[PDB]
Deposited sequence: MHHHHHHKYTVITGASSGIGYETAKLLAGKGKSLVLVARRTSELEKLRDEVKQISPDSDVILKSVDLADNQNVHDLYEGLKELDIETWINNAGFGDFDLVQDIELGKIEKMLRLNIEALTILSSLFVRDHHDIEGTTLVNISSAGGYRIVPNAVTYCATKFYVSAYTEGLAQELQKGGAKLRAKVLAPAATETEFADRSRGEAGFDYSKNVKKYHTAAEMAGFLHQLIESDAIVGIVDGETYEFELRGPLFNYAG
């Protein structure tokens, strides 16, 4: 019956506070994370904030590509105004010291899931008015951080991918808007959720934290 905002990585940080912020505006939510327990506590808070919001919970491990497909297929019929790819995590270590099981999971979450779901959403929504895709990158996706080479690399992917998707849509007159948030790698999750809201409401492709000042602006990378 409603319009929905889909949030992956909903159980923690930016995703948690964004779900809370959007409920405060009477929005309905699809909340995606691995831990049913975190999802259900967030849902309790959200219905406390906005009892008329509809809350759909999806317990899924997005590091498995088939789960990712299943998730999207299971939401295809919903009216979705906003999709937010916030799943993912980082790492601090020299390359020679990396734990490969972690870094492989990171690639599957930060890159594969984000790409699969971005691609499916765009497929179905590029010509639908009022729709927005937001991918969560990092300031480290625009400036490499020592001891976080691999994490930064995934965020250069997210930033270049989303900047390119955003301009491909804009320059071809699509109705869907794509945007990338680059938090520093303002401190609190709740403040980050406000920046995300700022970005969605904005004309800007990029909302990036430097100064630790938040800036709304256009693509950082060269485009041909």
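> Which runs of the deposited chain sequence never show up in the coordinates?
Replying inline: In sequence order, the gaps with no modelled C-alpha are 1-5, 191-213, 239-240, 255.
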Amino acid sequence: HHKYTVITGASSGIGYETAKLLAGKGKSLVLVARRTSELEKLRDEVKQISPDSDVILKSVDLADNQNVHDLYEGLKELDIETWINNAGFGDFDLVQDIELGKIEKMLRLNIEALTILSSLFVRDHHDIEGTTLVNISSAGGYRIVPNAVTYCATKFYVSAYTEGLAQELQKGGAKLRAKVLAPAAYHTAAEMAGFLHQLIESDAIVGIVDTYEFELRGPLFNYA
From here on, numbers count along this sequence of modelled residues.
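> Which is higher in the entry, the mean Cα B factor of 94-102 or that of 132-140?
Replying inline: Looking at the record's C-alpha B-factors, the answer is 94-102.
> In the PDB record, does 152-160 or 43-51 carry the higher mean Cα temperature factor?
Replying inline: Looking at the recorded C-alpha B-factors, 43-51 comes out higher on average.
> Which one of 185, 31, 196, 166 shows the top CA temperature factor in the record?
Replying inline: Highest CA B-factor of the listed options: 185.
> When the modelled residues of the chain are sorted by Cα temperature factor, does residue 18 land in the lowest, middle or highest third?
Replying inline: Middle third of the chain for residue 18's C-alpha B-factor.
>> Per the entry's values, where does residue 179 land by CA temperature factor relative to the rest of its chain, in the lowest, middle or highest third?
In response: According to the entry, residue 179 has a C-alpha B-factor in the chain's lowest third.
> So where's residue 122 on the chain's Cα temperature factor ranking, which third?
Replying inline: Ranked within chain, residue 122 CA B lands in the lowest tercile.
>> Quick check on the deposited entry: does the C-alpha B-factor of residue 111 sit in the lowest, middle or highest third of its chain?
In response: Its C-alpha B-factor belongs to the lowest third of this chain's values.
> Lowest, middle or highest third of the chain for the C-alpha temperature factor of residue 84?
Replying inline: Residue 84: CA B-factor falls in the lowest third of its chain.
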